[PDB]
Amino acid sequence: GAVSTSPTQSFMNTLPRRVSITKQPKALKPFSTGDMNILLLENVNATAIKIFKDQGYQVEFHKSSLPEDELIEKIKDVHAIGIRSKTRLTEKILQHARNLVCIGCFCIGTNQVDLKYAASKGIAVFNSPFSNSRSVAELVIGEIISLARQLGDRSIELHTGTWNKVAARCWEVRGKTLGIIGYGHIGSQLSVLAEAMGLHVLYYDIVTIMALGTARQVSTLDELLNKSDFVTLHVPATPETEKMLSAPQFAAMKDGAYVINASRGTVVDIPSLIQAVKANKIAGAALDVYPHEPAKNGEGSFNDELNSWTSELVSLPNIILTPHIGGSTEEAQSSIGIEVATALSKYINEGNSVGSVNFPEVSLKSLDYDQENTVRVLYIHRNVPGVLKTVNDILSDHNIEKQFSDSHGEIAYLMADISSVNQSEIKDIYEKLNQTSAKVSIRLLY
């Protein structure tokens, strides 16, 4: 009835990637310490080895994990350690790590590390949560097509001599609808690929999320299950996602629809999927993840003793099974290398703990090249009253340009930039802070 102001809101005025004309960051070196020793285990990617050697750190590399007694001896001298999933950094092991500044988990998982014990010794732990997104999104595009045309079945037939040309119930993916459960890093990336392959994209999330492209958020999962040809899961493991696709969800789906799970091994009830496929309700499925997975690669590893429905699952048509290869590419392993090595490096060189999984997240803008006589104090301490009183007293002869402290449990982390400090005064500040009683670990960068 009246022309009127459109819904416009200022955060939608964006700017493309450009080159700053910044001032050179001052490079900072620790007090009293010599060479940084990095130990990398479990065949971390060469991108990581390179980033560390270019800093001038000494790097020791291993393709697998170490026996516990060998790991103990090596870890005594080491300043940073990179691991993946199979190295268990327990208190038994970390108690001997007198020099360790940080731990890199070159992977998503961090449970192999006793995070709380580590924090208690002032050891920051970093990981790579989102480095595998593109690899999983592409896997799914490939499985959509592969399921749509029963590729796996065709190839297995031909490899054993059966020629079975079938158009019945095989589809062009253009025009079909993809239902994405969880519009996160993977879900939103998959959305754009799926639209490019000519699918209509619906998504269900527990949060209101701005769509990419022409994807549509649906308010209930049953709308998504009702209207989707392909349903795919990109959710975390929570109690709410635990078995969130079970018999009633498969009944809500279309006859001859398809199910894809490269999220978490718990999110699908497999006995109910097996039964939905056997009833010809579900036309095919692709699983990358299972309730129980072997610890190592091997030849009889995937069987009825690991998951009891294995012999049933294997005997079904149009089932694609993969052994957790969602993120298993050279590009992903290489990006993890860069993300985590860069993270450890910024923590060592600048004290930046943003993205740490067990630590307060603290950082400060870099000092300029030309800020002569400025020191950065990195003070990890016990989260009790009276500690900033102590510290800011010790530093009170010098102007503090800026300072940031934050806490995480029983631990806290102060970072302060102080100006006009000569080398005599630096040694004095170090020894004073080193004999405070709240101190867990201290480092000064100059």
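Note that residue numbering follows the sequence shown and begins at 1.
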Query raised in the report: Between 56-64 and 24-32, which has the higher average C-alpha B-factor in the PDB entry?
Result: 24-32
Query raised in the report: On average, which has the higher Cα B-factor in the deposited entry, 350-358 or 299-307?
Result: 299-307
**Report entry** Options 216, 376, 149, 79 - largest CA temperature factor per the record
**Finding:** 216
Report summary line: Among 139, 124, 314, 202, the highest C-alpha B-factor in the PDB entry belongs to 314
Report summary line: On the chain's distribution of Cα B-factors, residue 232 falls within the third called middle
Report task. Compare the C-alpha B factor of residue 161 with those of the other modelled residues in its chain, then answer lowest, middle or highest third. Result -> middle
Requested in this report: Quick one: classify residue 250 as lowest, middle or highest third of the chain based on its Cα B-factor.
Outcome: lowest
Report summary line: Entry-reported C-alpha B-factor of residue 8 relative to its chain, by third, is highest
Query raised in the report: In terms of the chain's CA B-factor thirds, is residue 174 lowest, middle or highest?
Result: lowest
